[PDB]
Every structure is written in structure tokens, then in C-alpha cells.
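Number of protein chains: 4
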Amino acid sequence: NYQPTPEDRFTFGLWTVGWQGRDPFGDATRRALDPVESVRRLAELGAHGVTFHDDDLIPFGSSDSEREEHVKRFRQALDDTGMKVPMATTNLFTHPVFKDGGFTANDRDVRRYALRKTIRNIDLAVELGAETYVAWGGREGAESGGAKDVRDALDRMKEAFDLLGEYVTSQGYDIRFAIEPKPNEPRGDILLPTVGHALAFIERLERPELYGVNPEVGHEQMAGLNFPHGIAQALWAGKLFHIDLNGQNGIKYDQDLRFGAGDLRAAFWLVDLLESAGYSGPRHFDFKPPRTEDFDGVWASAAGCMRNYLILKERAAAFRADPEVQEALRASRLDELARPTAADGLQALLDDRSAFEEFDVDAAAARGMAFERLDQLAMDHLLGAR
Amino acid sequence: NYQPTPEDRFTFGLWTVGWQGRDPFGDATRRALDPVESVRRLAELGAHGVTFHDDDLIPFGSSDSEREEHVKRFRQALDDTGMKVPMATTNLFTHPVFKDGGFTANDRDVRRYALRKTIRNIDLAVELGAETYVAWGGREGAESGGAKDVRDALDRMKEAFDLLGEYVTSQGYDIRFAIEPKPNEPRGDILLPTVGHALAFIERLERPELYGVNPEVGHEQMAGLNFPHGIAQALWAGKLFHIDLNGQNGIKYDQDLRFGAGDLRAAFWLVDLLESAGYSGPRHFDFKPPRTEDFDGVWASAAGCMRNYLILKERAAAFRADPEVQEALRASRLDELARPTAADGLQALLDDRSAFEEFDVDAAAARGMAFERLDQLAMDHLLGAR
Amino acid sequence: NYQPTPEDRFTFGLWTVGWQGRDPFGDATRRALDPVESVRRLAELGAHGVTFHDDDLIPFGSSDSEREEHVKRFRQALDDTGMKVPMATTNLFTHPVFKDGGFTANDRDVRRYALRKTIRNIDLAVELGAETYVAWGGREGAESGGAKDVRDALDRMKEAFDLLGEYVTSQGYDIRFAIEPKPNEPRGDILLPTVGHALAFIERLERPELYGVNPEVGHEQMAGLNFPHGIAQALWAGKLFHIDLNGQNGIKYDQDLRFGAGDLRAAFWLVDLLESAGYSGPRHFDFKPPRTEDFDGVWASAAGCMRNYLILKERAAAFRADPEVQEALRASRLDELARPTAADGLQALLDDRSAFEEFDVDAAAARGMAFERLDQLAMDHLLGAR
Amino acid sequence: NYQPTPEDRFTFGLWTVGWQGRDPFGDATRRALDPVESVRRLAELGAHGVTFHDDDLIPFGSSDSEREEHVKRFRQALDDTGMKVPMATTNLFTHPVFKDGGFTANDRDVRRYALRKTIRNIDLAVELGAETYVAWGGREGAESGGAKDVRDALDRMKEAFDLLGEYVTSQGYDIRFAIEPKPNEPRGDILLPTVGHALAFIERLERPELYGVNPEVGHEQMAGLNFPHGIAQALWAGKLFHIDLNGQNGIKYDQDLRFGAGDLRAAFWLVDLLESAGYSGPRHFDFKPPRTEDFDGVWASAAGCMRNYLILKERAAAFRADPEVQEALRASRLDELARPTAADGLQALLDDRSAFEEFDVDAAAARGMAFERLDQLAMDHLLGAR
Ligand SMILES: OC[C@H]1O[C@H](O)[C@H](O)[C@@H](O)[C@@H]1O
Ligand SMILES: OC[C@H]1O[C@H](O)[C@H](O)[C@@H](O)[C@@H]1O
Ligand SMILES: OC[C@H]1O[C@H](O)[C@H](O)[C@@H](O)[C@@H]1O
Ligand SMILES: OC[C@H]1O[C@H](O)[C@H](O)[C@@H](O)[C@@H]1O
Ligand SMILES: [Mg+2]
Ligand SMILES: [Mg+2]
Ligand SMILES: [Mg+2]
Ligand SMILES: [Mg+2]
Ligand SMILES: [Mg+2]
Ligand SMILES: [Mg+2]
Ligand SMILES: [Mg+2]
Ligand SMILES: [Mg+2]
Ligand SMILES: [Mg+2]
Ligand SMILES: [Mg+2]
Ligand SMILES: [Mg+2]
Ligand SMILES: [Mg+2]
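Shown next, in the form of C-alpha cells:
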């Protein structure tokens with residue numbers, strides 16, 4: 002009954018189940034978790050692996066020998082459980098030095114520090130076997146218009162990512178980068194606020210093949226955008242390197258609800274797309290168990306992430322396999338959308354009088370699209386009524 | 002006192018002052034304007050030129066000889082007034098045949114018709130001297146998840162724009178294309194919903210140098226995004242071919258208020274950026290005089306568009322020239338944001354102990370950014386209090 | 002299998018299935034329906050009744066004898082089908098005379114006309130057996146700040162509703178009024194924009210017992226509000242006289258999708274509340290079949306409204322009856338929320354040292370709320386996984 | 002030049018300039034301020050007074066003698082500076098015990114504790130001379146649908162406020178209560194989410210005359226609502242007891258920018274209304290100096306709050322006094338909006354054939370409202386261009 006196993010490739014950040022529940026208006030409601038205990042607990046739930054910021058694993062300001070002890074204990078728990086580390090990232094947002102950003106801070110010495118802190122963790126990520134290195138520029142942005150010249154900031158952002166690409170190529174590392182967009186919070190506006198802006202920026206880097214996106218359900222929904230549409234564009238560009246799964250109820254602060262909560266039908270269409278397109282990367286949950294919960298609620302919330310993915314996968318597969326849905330998809334001309342508009346070429350199109358001079362525009366206009374019947378078949382499948 | 006002249010390059014769509022006031026809940030409140038009368042009236046107000054959809058100028062279904070008469074009358078009014086036509090576009094959204102889109106309609110024969118209708122108007126636009134051809138795919142999208150496979154739709158969208166680029170290159174035309182994003186309305190979600198998504202899509206076309214964006218103030222604000230930030234990214238990419246200026250009060254239906262209405266401080270920062278970056282294209286107003294107004298209100302609203310641009314241009318120039326603002330910009334390290342992070346290169350950065358091992362993180366963190374004083378100088382300048 | 006019958010009390014506006022598909026950017030895609038054919042078709046689908054604006058049933062400007070013929074034909078179709086008319090309303094938004102409002106138009110003569118048009122239709126509604134008369138003030142509002150003094154406008158709004166209440170009391174009619182809030186569209190901001198503002202306004206009318214609310218799913222969601230929470234407050238006040246059911250995908254133009262579309266989990270919690278609280282009024286669908294559809298799609302969309310209500314009713318009933326959910330509700334202390342805080346009274350509370358001086362705040366804080374496990378049981382029930 | 006003095010009645014919360022800059026993603030960037038130093042600094046800037054939560058002034062868990070020392074030091078600074086304390090409030094949101102609310106927590110013992118903590122601070126507020134006691138129920142709400150039966154929660158909310166009203170009446174205190182709405186954050190949805198919902202709830206309390214609202218600019222804008230419209234409704238009801246002034250850029254997390262930032266034109270229309278209606282309460286700033294700033298930026302931001310109010314007051318007064326604006330207001334029939342619709346009464350309206358049978362609907366419809374010219378005069382005045 003919807004039991005996950007490590008072959009489902011479900012992963013969690015240490016910072017997710019480890020969130021102590023401090024929000025802008027309240028103190029922590031839960032004690033800190035030891036990273037080793039989170040690995041063991043997630044393994045028992047059926048997770049495939051974990052992800053980390055540098056500062057989740059090694060407390061900021063650790064000596065080189067404290068650092069080695071923290072890594073050794075962690076590696077022992079991975080060895081004991083079979084858990085993998087497919088992704089890692091840098092914390093360039095918590096410490097006060099990053100209050101105006103890391104890569105695009107106005108102060109040049111902070112930008113250099115940010116790059117050195119990042120490079121140190123790329124080495125550790127490669128050592129632990131990560132294939133993707135995520136960058137979330139949560140402090141790159143502004144609350145006011147004159148504080149940040151955005152063209153200069155984009156020059157600095159490109160400079161930073163180009164240097165990171167020079168570093169991993171010169172070291173011979175097999176790792177790729179994924180940029181995680183967010184439109185706002187904690188800055189009033191954040192640079193590269195959506196999947197689209199991030200994809201566009203990547204095409205201006207010196208080695209674009211090293212960079213993709215790590216979209217997050219809730220972040221695109223904080224701009225009111227359709228998250229499965231944005232994922233489709235990332236897959237179309239060949240840039241979906243990683244994904245953050247969670248839930249969000251509309252345009253408000255980043256809630257990071259468990260996956261399946263928030264916009265349930267968008268979750269269904271997302272799973273349909275990921276499974277249809279054959280996405281093979283980790284199914285990563287970036288979520289926060291609500292601060293109302295104790296530790297039993299933390300693990301129930303994490304289990305629910307995986308459960309909802311597996312229920313929606315079953316319902317989406319049943320939808321696509323249903324002969325009546327296949328009939329309805331042809332009724333709505335999804336087959337024709339997949340055929341070229343003008344494989345005969347430009348000149349043939351220009352000479353084709355059935356495309357304009359003799360085209361019966363009123364008869365084409367009268368054809369219903371039959372989209373509502375198709376969508377109710379999708380609803381029946383989602384609700385198990387079919 | 003803030004009087005426009007044609008050298009300010011203010012342009013208006015025929016459909017703007019010509020909007021009859023029909024909305025989803027009400028009939029028209031104004032009679033139709035003759036395009037010739039709109040040209041003459043806008044010229045008297047100080048406009049530089051006008052723009053048009055094919056169907057604004059030539060009623061849909063006109064014979065080839067009615068077409069010639071409509072164009073001749075129009076050309077005579079341009080000759081009489083000195084007005085230019087810098088941009089033109091196609092109506093692929095009003096007629097019922099386009100109810101599921103033009104370039105990405107599921108029906109293949111509609112897609113071919115859409116391309117033929119577009120090509121016919123590119124010829125006319127070149128004849129009238131337009132330098133930019135805008136595409137707004139207002140019907141390209143969906144209300145439900147199964148109606149539109151977005152990867153196939155993006156294939157069809159790329160196919161259409163590639164064919165248009167083959168057409169203008171084979172004809173030897175000096176015209177470029179600009180894609181106008183909008184996130185929603187009239188479709189539940191529209192493909193290429195923001196500036197970012199459009200910029201990313203352009204980089205996958207066969208001849209990307211022919212395509213840029215035509216962002217609209219209100220459209221990016223319907224997703225809660227920072228419009229001057231998005232314009233900066235378009236300028237950074239070298240893709241700001243055209244712009245639509247108007248006003249919008251937040252996340253709701255597309256209001257198309259006169260420019261300066263809506264988010265006034267965003268309008269100030271937009272003008273600052275366009276003038277600082279030396280944008281030389283048309284300052285185009287895509288706005289709707291509210292349906293409360295009679296024809297005297299139409300021309301007052303149009304005049305207000307230009308007036309507000311010129312007031313904000315004056316205030317932004319005073320801001321940037323003020324020695325006290327120049328001092329504050331250095332106080333906030335805007336000068337340092339413009340300097341390379343690591344012109345010394347990767348290896349020097351790695352060997353620079355002042356970038357990490359000896360970096361005094363607490364002393365850097367203690368430095369205030371002085372952004373609030375800078376922003377209050379900007380407010381004082383905007384309000385004329387300085 | 003989820004078949005509606007008239008005892009389920011599903012009703013539809015004539016303007017819903019009759020929407021021709023004209024939106025702000027496009028012409029109609031469907032021909033007009035005769036009201037008689039809509040009654041017959043809805044009866045065959047299992048509807049209980051229909052609702053109407055005056056102008057849906059009697060074309061604007063009809064002679065008194067054309068009026069009588071339109072009503073007679075309509076009454077014959079009701080007699081032939083068994084369909085009821087539980088609600089009626091006035092169109093104070095389509096005609097250009099209402100461009101600045103009806104009850105709160107700045108022009109006094111328009112306000113008087115609006116009241117006379119309303120009163121004429123109250124007589125007809127009573128004749129057809131309606132129990133509720135809805136007012137939706139879609140044009141009452143403003144696009145700019147100086148156009149409307151809102152205190153004077155609220156005086157005029159109160160004046161109008163007080164006169165309508167004087168009219169129905171002096172006539173001896175058994176009808177009540179329901180105010181339908183909407184935050185915006187077609188005006189930039191609409192007066193009484195949410196359920197809350199409407200409830201507050203009612204308490205200042207001379208005969209508040211005659212007035213309640215008619216909330217609409219999509220309208221509260223256009224302000225990002227929780228629609229089941231708002232309905233609970235209306236039920237708490239005893240003011241839920243009628244309800245408009247449909248779907249909406251977040252903060253954007255009013256989509257009026259079929260019920261169950263949009264925010265599916267909010268639809269589940271709404272049905273749970275209406276059924277638990279014993280709401281006995283009509284389940285009215287104010288929805289628009291998308292303009293992509295032909296007439297077969299219109300009736301499929303209408304059928305889907307009813308189907309989704311009945312599926313969600315079944316799932317909500319299964320949730321509330323499940324012993325494991327009953328256990329979880331006590332685990333989360335829903336039983337304690339229903340018990341008085343201080344039935345012992347103020348003085349006893351003040352003297353109760355276990356409420357403050359001896360209250361163990363850390364032990365209370367440590368108690369998990371168990372809300373995530375409860376919510377996953379609700380998800381399992383919704384998806385039929387339980 | 003726009004210098005505040007204590008007669009302008011500008012007040013600040015201790016928690017505003019005292020915000021250390023901890024947000025959901027980052028540590029504090031500023032040290033804690035001593036309340037005594039904040040009083041002295043605000044007095045030098047021209048403030049009239051300060052406000053406080055119980056826990057801002059007396060650290061949580063203080064002994065009764067530490068409590069007395071904290072109050073004495075505070076009272077000495079008030080005596081030294083002339084500063085007043087017009088409002089006070091309770092912190093029912095920071096401590097983990099309040100994670101599911103105070104007055105509407107599911108656990109009954111937490112609800113009793115919340116009432117005792119509140120009552121203790123009402124006594125102190127009266128001792129310091131406060132006239133208004135604010136309640137902001139920031140934790141009253143839910144992230145999921147089954148966690149909170151909202152009708153039971155409203156019963157508990159009414160119970161709590163009724164007991165507080167019994168307490169202040171039995172003690173003979175001259176203090177009134179003001180409910181501060183917020184739609185979301187830190188709970189997914191908060192009960193009483195807007196001004197309207199709060200006004201409606203007050204009318205169901207046992208002694209409604211003791212309760213009003215304390216609306217906040219940014220909170221109504223987090224629901225996309227028009228804040229001057231909501232204030233007008235509160236003034237119309239006679240319930241504007243207090244106000245929180247700040248700025249917000251649209252629908253996102255609560256930014257609490259300095260007043261004048263965010264939606265500048267809404268700030269202009271708010272000041273116009275408050276000054277026109279003769280609001281005599283405190284002009285209270287609930288704002289957060291951005292965490293980019295050091296302490297010099299804190300005081301610059303606070304000074305800017307007051308400066309922007311005084312600039313906007315001048316511009317609004319110039320607007321209303323301008324004979325050309327007075328002419329335009331009559332042109333737009335604002336004078337007619339203030340006149341009764343039907344002072345002649347219902348029967349006269351029914352007998353008035355010029356209100357319906359002989360009303361020339363097309364001639365009324367043709368009249369322009371002249372709202373755009375009026376709004377451009379308002380823009381010219383705001384920008385000092387007039
Ligand atoms: O970059 C990894 C993570 O960093 C921070 O935790 C962000 O809040 C989250 O969105 C992101 O995914
Ligand atoms: O494409 C030109 C114009 O077409 C339509 O009028 C759109 O509503 C507008 O946004 C666009 O700019
Ligand atoms: O008042 C009845 C109906 O009137 C209009 O059709 C509105 O768009 C709808 O929201 C409302 O319910
Ligand atoms: O209740 C007083 C204050 O409490 C908290 O600080 C809130 O964040 C603020 O909105 C409110 O005004
Ligand atoms: Mg996130
Ligand atoms: Mg998030
Ligand atoms: Mg994330
Ligand atoms: Mg537009
Ligand atoms: Mg627009
Ligand atoms: Mg446009
Ligand atoms: Mg509606
Ligand atoms: Mg609606
Ligand atoms: Mg409705
Ligand atoms: Mg606040
Ligand atoms: Mg706030
Ligand atoms: Mg506040």
C-alpha cells in the first residue's frame with residue numbers, strides 16, 4: 002500500500018526534517034536533530050538519500066579537525082544505512098555577512114568570500130558522491146530600487162558561476178550545477194525570480210552545458226505560475242537537473258508544506274509529466290514539518306511526502322493507460338499538436354491555398370475542443386471514481 | 002511644462018485610444034474611432050507614431066480592394082501628420098477560430114492559417130516602415146492540464162517562429178520580432194508567461210539574433226514580479242527591442258491603466274533605467290482609457306501617459322545628478338558592485354588568504370548598507386521635496 | 002455512480018450554460034441559448050432549478066407585452082419539467098448607463114433608475130417563487146482614488162438596501178436578500194470586496210434580519226482567502242442564505258471554472274463544512290463552460306459540477322465516519338476546542354493558579370498537535386486510498 | 002522642511018526600531034536595543050510616543066521584582082522625554098506554548114493562560130496611560146483544514162473578548178480594544194483575515210462599543226485589497242480606533258517597509274482620507290528597518306516614516322484646496338454622490354416616472370465621468386508638478 006523503497010529515489014534535505022520551527026514571529030518548538038539520527042530515521046522510512054548545506058553538516062566556524070570528525074560520523078551513517086548523497090549546496094544566506102547577498106553583494110570582499118566558501122563545499126560534495134550542486138541565491142536581490150544596479154549584479158552573478166565552472170573543469174570533477182529560482186523572500190525581490198529567468202541566464206554563461214535548474218513547486222506558485230508548465234519548458238530545454246517537491250497554498254510566504262498539500266491537481270499534473278518524460282533524477286522534498294508538530298509529526302509528514310507521490314503516480318498511470326482517455330485525447334487533437342505544422346516547408350505553405358485563401362474559418366471555429374470531458378476523466382481518475 | 006514632441010518617440014496602438022469599453026461584463030460605452038481620426042488626434046497631442054494589429058486597420062474578411070482603400074486612407078493620414086509606424090502585430094486572438102491558440106492550436110490547419118495571416122501582415126508592416134513586429138500569443142495556453150502537452154506546444158511555437166524568420170530572411174526584410182509575454186488572461190495559463198521564459202525560448206530558435214522581447218509593465222506585475230528588474234535582464238541580454246508602457250494595481254485582471262498609474266515608484270525606477278541605459282526604441286503605450294470616460298477623457302488619459310513619462314524622466318535625472326545622491330551611492334558601495342569580483346582569476350582567488358582564511362567575517366557583517374537613506378533621497382526627488 | 006437528482010438541490014444560472022464565450026479579447030464562440038432549452042436540458046441532467054437576472058429572461062427594452070410572452074414561455078417550461086426558481090437577481094452591470102455603478106453611481110438619476118429596475122424584478126421573482134434575491138454590485142467601485150468617496154458611497158449603498166427592505170416589508174413578501182461580494186473585476190476595486198466586509202455592512206442596515214451573503218468560491222480566492230473559513234464565519238453569524246459554487250486557480254481574473262476544478266482540497270473542505278453544518282439552501286453553480294467548448298462540452302461541464310459535488314460529499318462523509326479519524330481528531334484536541342474556555346467565569350479564572358502562576362508552560366509547549374497525521378488521513382480519504 | 006513634532010502624534014512600537022533583523026533564513030544583524038534608549042532616540046526625532054508588547058518591556062519569565070525594575074526605568078525615560086504610551090498589546094505568538102494560538106488554541110489550558118497573560122498586561126497598560134489595547138491574533142488559524150473547526154474557534158474568540166470586556170468594565174478602566182487583522186503569516190490562514198471580517202465579528206460581541214479595529218497598511222495589501230477603501234469602511238462604522246502605518250509591495254510575505262514605501266499612491270489616498278475625516282488617533286508606525294541597515298539606518302528609516310507622512314499631508318491638502326480640483330470634483334459628480342438617492346421616500350420613488358418610465362437611459366449613458374482628468378490632477382499634485 003504505497004510503500005516507498007530506495008529505488009523510488011526519494012531524497013530529503015537535512016534542513017527539512019531538521020527544521021526547528023523558528024519563524025519570523027516565534028521561537029523554535031523542536032530541538033535540533035543530529036544529522037546521523039536524521040539519516041537513520043529517513044532510511045527506515047524508505048528514503049534513498051539526503052542532501053545538505055555545508056553549514057547543516059559542519060557548524061559554521063569549525064576547526065579543520067572538528068570538520069573531519071563531523072564528516073566521518075556522517076559517512077559512517079551513510080555506510081550503515083545505504084543512503085546516498087546525490088546533491089549538496091552552500092549556505093550563502095544565514096550568516097549576517099550575507100545580508101546583501103553572496104555572489105552579488107555590493108561589497109567585493111564578501112563576493113570573494115562567498116566564492117571561497119562555495120568552492121570548499123564543492124570539494125566535499127564530490128568526495129561524498131554528489132552529482133548535482135545546487136545554488137539558491139536567496140539573498141541576491143533588493144528591497145529598494147537604488148540599492149542594486151541589476152545589470153552590474155547580473156555581471157557579478159555570471160562572473161561567479163563562470164569561475165565555479167572553471168574550477169570544476171580544471172579539477173576534472175563530474176558534477177553539474179543547478180540554479181534554484183525563487184521570486185521573493187527573504188529579499189523583497191530576488192534576482193532570477195522564476196524558472197524562465199534562470200534558463201535565460203544560463204545561456205549567457207561561458208559553459209552553459211554545466212548548468213541547469215532546480216525548480217521548486219512552491220516558488221513558482223509564489224508568482225502564481227503553473228508549475229507543470231515551467232517544468233515542461235525546463236525539460237524541453239534539456240535543463241531539468243534536479244527538482245524540489247513540496248506544497249504551497251497560493252501567493253503568500255513560502256510555506257514549504259509536504260508534497261501533495263497545497264495545489265493537489267498541480268501535483269497530479271506534475272507527477273504525470275515527470276513520469277511520462279522519464280525524469281530520472283532524485284525526487285527531492287524541500288519541505289518544513291509545521292511547527293505545531295512534535296517529532297512523531299515530523300516523521301509522519303516526511304512519510305506523507307513519499308506516500309502522496311506514489312498515490313499520484315498510480316493515478317496518473319491509470320489515467321494515461323485508460324482506453325477512454327486515449328480516445329478523448331484524440332478527440333481533443335492532442336495527436337495533431339504533436340505533428341509538425343509545416344514539414345512541407347515555407348514555400349509549400351505559401352502556395353497552399355487550403356491554408357488561407359480557401360480555408361473555411363467558420364467551420365474550423367465551430368469545432369469543439371472537448372477539453373472539459375477530458376478534464377473530468379482526469380478528475381475521476383485522481384479521485385479514484387473511475 | 003512637460004509638453005511632448007515627436008522627438009520623445011511616444012507611440013500608441015490604434016486599439017488603445019480606440020478601445021470601445023467592452024469588458025467581460027458590459028457593452029461598449031464609446032463608438033468606434035476611425036483610424037484616420039486617431040492618427041490626427043494623437044499627432045496634435047505630440048505623439049511620434051502609431052502601431053496596429055492587422056485587424057485594427059483592415060476589417061477581418063475584407064476584399065483585396067477594400068484592403069487597398071483602407072491602407073491608402075491610412076497612408077494619407079500619416080503623410081498629412083508626419084506620424085510614423087514603428088511596430089505592427091497580428092490579431093491571433095479575437096476570431097473564434099483562434100479559441101485554442103494560433104501557433105500552438107491543437108488543430109494543425111488552424112496553425113497553418115495563423116502563419117499565413119501573420120506573413121500577410123509582415124509584408125504590409127514592411128511597406129509602412131515598421132522596424133519591429135510584435136507577437137503576443139494571448140490564446141496559446143490552457144485552462145486544464147491534459148488539454149495541452151507543453152513540450153509539443155513549444156515545438157510548435159519554435160517551428161512557427163523559425164518559419165517566420167526564414168520568411169523575412171528570404172525576402173531581405175529589415176524587420177525584427179519581439180515576443181510579448183503575459184502570464185494569464187484570456188487563457189488560464191499562457192505559454193511563455195514572463196520576460197524570463199520568453200528570453201529562454203529565444204535562445205532555442207534557429208536565428209536567435211532576429212528575436213527579442215516586448216515586455217509590458219502590467220503583465221509582469223500580474224505575476225508579482227519587479228518590472229524594472231526584468232527590463233534590466235532583457236537589456237543585459239541585448240534583447241529589449243520594444244516596450245509596452247502602462248499601469249497595473251497588483252495581481253488581478255490586466256487593467257492597462259495609463260502609464261504612471263498603478264505602481265508609481267516602479268514607474269520611476271523604470272524610467273531611470275531606460276534613460277540611464279540609453280534605450281532608443283519607441284516609448285509605446287498599451288493602455289485602455291477606462292470605460293467610464295467619454296472621448297474627452299480618452300485624449301486626457303492619452304496625454305497623461307506622456308506627461309507622466311516626462312515628469313518621471315525629469316525627477317530621475319535630478320536624482321542621478323544630485324551630488325548628495327552620488328555620495329550616497331558610494332556609501333552603499335554601488336561603485337564596488339560594478340567592479341569585477343576576481344579579475345585576478347581563479348588561481349589568485351584560491352591563493353588569496355584575505356578572501357577566506359584571514360577574512361574578518363564579523364567586521365564585514367557589521368557594515369551597514371545605508372540603503373534606507375539612499376531610498377529616502379530617491380523618494381524626496383520623486384515627490385519634489387529635495 | 003454519482004448521479005444527481007432534484008433532491009440534491011443543484012441549481013444553475015441561465016447565464017452560466019448560456020455564456021456565449023465573449024471575453025475581453027475575443028468574440029462569442031457559441032450561439033445564444035433559448036432559456037426554455039436551458040431549463041429542459043438542465044432538468045434532464047438532474048438539476049433542481051435555475052436562477053436568472055432580469056435581463057437574461059426578458060431582453061432589455063422589451064414592451065410590457067413582449068415581457069408577458071417571455072415569462073409565459075418560461076413558466077410553461079418550469080411546469081413541464083418540475084424545475085424551480087429559488088433565486089433571482091438584477092443586471093445592474095451590462096448596460097452602459099451602469100458604467101459607474103447602480104446603487105452607488107455618482108449620478109443621482111442613475112441610482113434612482115437602478116432602484117426602480119431592481120424593484121420591478123423583485124415582483125417577478127416573488128411571482129416565480131424565489132426565496133432569495135441576490136445583489137452583486139459588480140460596478141460599485143473605482144479605478145482611481147478621487148472618483149469615489151467611499152463613506153458617501155456606503156451611505157448610498159445603505160440607503161438603497163434599506164429602501165428595498167422597506168419595499169418587501171410593505172408588500173408582505175417572503176423573500177430575503179443576499180449580497181454577493183467580489184474584490185475586483187470589472188472595477189479596479191469593488192465596494193464590499195469580501196464576505197467579511199459584506200457581513201459588517203449588513204449590521205448597519207435598518208432591518209439586518211432580511212440580509213445575508215451569497216459568497217462565491219472564486220471571488221474569495223481572488224483575494225487569496227480561505228473560502229471554507231469565510232463560509233464558517235458566515236454560518237457562525239447565521240447569514241449563509243445562498244452560495245455560488247465554482248473553481249478558481251488562484252489570484253487572477255475571475256475564471257468561473259466548473260466546481261471541483263481549481264483548488265480541489267478547498268472544495269473538499271467546503272463540502273465537508275456545508276454537509277456537517279446542515280446547510281439546506283440551493284447548491285448553486287455560477288460557472289462558465291470554457292469558450293473552447295461546443296454545446297456538448299457545455300453540458301459535460303455542467304454535469305461535472307454536480308458529479309464533483311457528489312464525489313466530494315461521499316469522501317467527506319467517509320472521512321468523518323472513520324473511527325481512525327475520530328481518534329485523530331481527539332488526538333489533536335478538536336474536542337477541547339469545542340469546550341468553553343472559562344465557563345466557571347471571570348472571577349474563577351482570575352483565582353485559578355493553574356491558569357498562570359502554576360501553569361507549566363514548557364510541558365504544554367512540548368505537546369505535538371498531531372495535525373499532519375490528521376491531514377494525511379484526510380488526503381487518503383479524498384484520493385480513495387483509505 | 003517636513004520636521005515632525007510631538008503634536009503630529011507619531012508613535013512607534015518598541016519592536017519596530019528594536020527589530021534585530023532575524024528572518025526565517027538568517028540570524029540577527031543588529032544587537033538588542035534597550036527600551037530606554039529607544040524612547041530617548043525617538044523623542045529626539047520628534048516622535049510623540051511609543052507602544053509595547055508585554056514581552057518587549059519585561060523579559061518573559063521575569064520575577065515580580067525584576068518586573069518592577071523594568072517598569073520603573075521605563076517610566077523614568079518617559080518622564081525625562083515627555084513621551085506618551087497610547088497603546089499596548091500582548092505577545093501571544095512568540096513562545097512555543099502559543100504554536101496553535103492563544104485565544105483559539107485547541108488546548109483549553111493554553112487558552113486560559115493566554116487570557117491571564119493578557120489581563121496582567123491590561124493592568125500595566127492602564128497604569129502607563131494607554132487608551133487602546135490592541136489584539137493581533139497572529140497564531141489563531143491553521144495550515145490544514147481539519148486542524149481547526151472555525152465555528153468553534155470563533156466561539157472561543159468571542160468568549161475571550163467578552164471576558165476581557167467584562168474585566169475592564171468591572172475594573173472601571175477607560176481603555177478600549179482594537180483587533181488587528183492579518184490574512185496569513187505565520188499561520189497558513191489566520192482567523193479574521195481582513196478589516197471586514199474583524200468588523201463583522203465585533204458586532205457579535207456582548208459589548209460591541211468597546212471594540213474597534215487597528216488595520217495595518219501592509220496586511221490588507223497582502224490580500225490585494227484597497228487599504229484606503231477598507232479604512233473608509235471602518236470610519237463609516239465608527240470603529241477606527243488606531244492604525245498601523247507602513248509599506249508593502251503587493252501580495253507576498255509581510256514586508257513592514259517604512260511608511261511611504263511600497264504603494265505610494267495608496268499612501269497618498271490614505272493620508273487624504275485620514276486628514277479629511279479628522280482622525281485624531283495616533284499615527285503609529287509598525288515597520289521593520291531592513292536587516293541590511295546598521296543603527297544609523299534604523300533611525301534614518303524611522304525618520305523617513307514621519308517625513309513621508311508630512312509630505313503626503315501637504316500634497317493632499319494642496320489637492321483638496323485647489324480650485325481646479327474643486328471644479329473637477331463637481332465635473333465628476335462627487336457632489337451628487339453625497340446627496341440622498343431618495344429623500345422623497347419609497348412611495349415617491351415608485352410614482353416618479355422620470356426614474357424609470359421616462360428615464361432617458363442612452364443620454365445618461367453618454368455622459369463621461371471625467372475621472373481620468375481628476376486623477377491626473379491628483380498625480381500632478383502628488384509629484385509637485387502642479
Ligand atoms: O538551496 C537549497 C535550499 O536552500 C534553502 O534551504 C532554501 O530555503 C531552499 O529553497 C533551497 O532549496
Ligand atoms: O500584441 C499587441 C497587443 O495585442 C493585444 O492587444 C494585447 O492585449 C496587448 O497586450 C498586446 O500588446
Ligand atoms: O449576481 C448574480 C451573478 O451576476 C453576475 O453574473 C456575476 O458575474 C456573478 O458573480 C453573480 O453571481
Ligand atoms: O499587535 C502588535 C503587533 O504585533 C506583532 O508585532 C505583529 O507582527 C504586528 O503586526 C502587530 O501590530
Ligand atoms: Mg524553498
Ligand atoms: Mg520554499
Ligand atoms: Mg528549495
Ligand atoms: Mg496587455
Ligand atoms: Mg495588458
Ligand atoms: Mg501589450
Ligand atoms: Mg462570479
Ligand atoms: Mg466569478
Ligand atoms: Mg456569482
Ligand atoms: Mg504587521
Ligand atoms: Mg505587518
Ligand atoms: Mg501591525
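Protein chains in written order, with the entry's author numbering: chain A, 2 to 387; chain B, 2 to 387; chain C, 2 to 387; chain D, 2 to 387. C-beta atoms are modelled at their ideal positions from N, C-alpha and C, and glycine is treated no differently.
Can you name, in chain order, every residue of its own chain whose Cβ lies under 8 Å from the Cβ of residue i, other than the five neighbours on each side?
i        : result
B:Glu132 : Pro87, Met88, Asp175, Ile176, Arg177
A:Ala349 : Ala343
Which residues in chain B have a C-beta closer than 9 Å to the C-beta of residue i? List them in chain order.
i        : result
D:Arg284 : Within 9 Å Cβ-Cβ: nothing; D:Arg284 doesn't reach chain B, min ~18 Å.
Against chain A, with Cβ distances strictly below 8 Å, would residue i count as a contact?
i        : result
B:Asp323 : no
D:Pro5   : no
D:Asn122 : no
B:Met370 : yes
Along chain D, in chain order, which residues have C-beta atoms closer than 9 Å to that of residue i?
i        : result
B:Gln249 : Those within 9 Å of B:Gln249 in chain D number zero; the least Cβ separation is about 10 Å.
A:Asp28  : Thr95, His96, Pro97
Could you tell me which chain C residues have their CB closer than 9 Å to the CB of residue i, listed as they occur along the chain?
i       : result
D:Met88 : By Cβ distance, chain C contributes nothing, its closest Cβ being about 23 Å from D:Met88, past 9 Å.
Using C-beta distances below 6 Å, list every residue in its chain close to residue i, excluding the 5 sequence neighbours before and after it, in chain order.
i        : result
B:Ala106 : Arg112
Could you tell me which chain B residues have their CB closer than 7 Å to the CB of residue i, listed as they occur along the chain?
i        : result
C:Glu167 : The contacting residues do not exist; C:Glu167 stays about 29 Å from chain B at best.
Between residue i and chain B, is any beta-carbon pair separated by less than 8 Å?
i        : result
C:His96  : yes
C:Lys100 : yes
A:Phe360 : yes
Name the chain C residues that come within less than 8 Å of residue i, Cβ to Cβ?
i        : result
D:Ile252 : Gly225, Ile252
Terminal residues of the continuous beta strand (DSSP E) containing residue i?
i        : result
A:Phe26  : Per DSSP, A:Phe26 belongs to no beta strand (DSSP E) and is neither H nor E.
D:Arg177 : 177-180
B:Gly213 : 212-214
C:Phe202 : Premise fails: C:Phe202 lies in the alpha helix (DSSP H), 196-203, not in any beta strand (DSSP E).
Does any CB atom of chain D fall closer than 8 Å to the CB of residue i?
i       : result
C:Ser64 : no
Report all residues from its chain with a CB closer than 7 Å to the CB of residue i; omit the five preceding and five following residues, and keep chain order.
i        : result
B:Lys314 : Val272, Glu276
Taking the alpha helix (DSSP H) that residue i falls in, what are its first and last residues?
i      : result
A:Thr6 : Element bounds for A:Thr6: n/a, residue is neither H nor E.
Under 7 Å Cβ-Cβ, which residues of chain A neighbour residue i?
i        : result
C:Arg266 : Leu265
Does any C-beta atom of chain C lie closer than 8 Å to the C-beta of residue i?
i        : result
B:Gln222 : no
Discussion item. Which complete alpha helix (DSSP H) runs does the region 265-310 of chain C hold, if anything under 4 residues is left out?
Written reply: Listed in chain order, the alpha helix (DSSP H) runs fully inside the region 265-310 of chain C are 265-278, counting runs of at least 4 residues.
Worksheet item: What are the start and end residues of each continuous beta strand (DSSP E) run of 3 or more residues lying completely inside the region 72-130 of chain A, in chain order?
Response: 85-90
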